[PDB]
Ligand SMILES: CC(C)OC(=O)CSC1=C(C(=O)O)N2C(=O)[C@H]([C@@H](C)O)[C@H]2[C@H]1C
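The chain below stands alone, shown as structure tokens; this is the form deposited without this ligand.
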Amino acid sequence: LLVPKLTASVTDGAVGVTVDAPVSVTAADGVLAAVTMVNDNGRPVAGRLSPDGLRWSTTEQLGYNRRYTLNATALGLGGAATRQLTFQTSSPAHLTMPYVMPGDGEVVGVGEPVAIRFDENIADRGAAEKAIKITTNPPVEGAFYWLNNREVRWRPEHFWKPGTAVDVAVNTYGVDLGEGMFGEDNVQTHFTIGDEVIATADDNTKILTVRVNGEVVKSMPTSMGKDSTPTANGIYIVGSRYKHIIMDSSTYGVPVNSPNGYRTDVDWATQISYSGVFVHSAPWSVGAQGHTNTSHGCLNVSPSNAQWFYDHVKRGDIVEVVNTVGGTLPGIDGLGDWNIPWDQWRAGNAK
């Protein structure tokens, strides 16, 4: 003797409906005979009705600042039911776009953190972290930590195991990231951890030793930072690499015209900190390399050793500098994540 029932995921009259989720309508004691959704201009949204006729759902992205009208009719054996629902979606003050590293499909070293950089300051860090789904295989515990107002990083306690798949789903579209700011879009990346490559620069020997899966494969005489501009000790993540680059001290805050400044074109340069530490070709210091520290902070090595390093070291490999007269690389450098104690990194700084 029964009347079909409709259940929609939105209510007639709702405002600030968030656009992170599809809109659905379900029939009970009947099936769906017509479902249309239309924006404020009359333009159809459309979606998919399940084969059994019980569940309809939008299949495309719904937009910010829209007024949508949903019409639905369920026919039962015991009669009909029609509903019309009109609702408004979120109206952002601003949009932020995330950027993920490392690159999709890349193979990286064991020190590569997952990085989500937003193009605006994030007022609700908690909401951002909750929108980011990380899958690891083999599964391994990790945690988020913020390097600044825009960039959050995720990593395990220890260096990744080689062969780990890492999947990163940044599901920020439709999510309120605080003070009126909503994600511009979703982004996705997937990467894999490659060989373990750790290079150690010991100031006691002035040798940079590259170890691949625990074996020494290269031993590089090096000249590090002179006593007045020493190389900071600690763990550096390998970033980008250049056949040649102009090193401009202005990039890192220091005027070229200034006393500690510089502008020099160099070869075979591998970046290991945002503060501007590189491993690079230094033909002028070949005689100092292995003996005395002469640089601004860079790991000077021979031209063939620098090119070797460019060819054999990858994004996410590790350089550890030890025994220098300098301090420790900042944990928030950009490439100094591993210098923050796990207890502190785990507890995070979302609040």
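Residue indices: 1-based, along the sequence shown.
From this point on, the text means the form deposited with this ligand bound, which you will not see here.
Please classify the binding site as open or blocked after superposing this ligand from its position in the bound PDB entry; blocked means at least 3 ligand atoms come within 2.4 Å of backbone or C-beta atoms of this form.
-> Check passed, pocket reads open.
Have a look at 135, 205, 240, 188 for me and say which one sits with a heavy atom within 4.5 Å of this ligand in the bound PDB entry.
-> Of the candidates 135, 205, 240, 188, 240 is the one lying within 4.5 Å of this ligand in the bound PDB entry.
Ok, 151, 184, 267, 129: which has a heavy atom sitting within 4.5 Å of this ligand in the bound PDB entry?
-> By the 4.5 Å criterion, the partner-contacting residue is 151.
Would you check, heavy atoms only and a 4.5 Å threshold, whether residue 331 touches this ligand in the bound PDB entry?
-> It does not: once this ligand is placed as it appears in the bound PDB entry, residue 331 has no heavy atom within 4.5 Å of it.
Would you please decide whether residue 115 lies within 4.5 angstroms of this ligand in the bound PDB entry, comparing each non-hydrogen atom pair?
-> Looking in the bound PDB entry, residue contacts with this ligand include residue 115, since a heavy atom lies within 4.5 Å.
Considering only heavy atoms, tell me if residue 193 and this ligand come within 4.5 Å of each other in the bound PDB entry.
-> Contact with this ligand, no.
Contact of residue 220 with this ligand in the bound PDB entry (heavy atom, 4.5 Å) | Output for residue 220 is no: heavy atoms all beyond 4.5 Å of this ligand.
Contact test, all of 159, 199 and 314, partner this ligand in the bound PDB entry, heavy atom 4.5 Å | No, the candidate spot makes no contact with this ligand.
Choose one stretch from 88-96, 211-219, 232-240, 120-128: the one whose residues place a heavy atom within 4.5 angstroms of this ligand in the bound PDB entry.
-> Every other range fails; the passing one is 232-240.
May I ask you to list the residues of 255-292 that have any heavy atom within 4.5 angstroms of this ligand in the bound PDB entry, in sequence order?
-> Going through 255-292 in order - heavy atoms within 4.5 Å of this ligand in the bound PDB entry - the hits are 271, 274.
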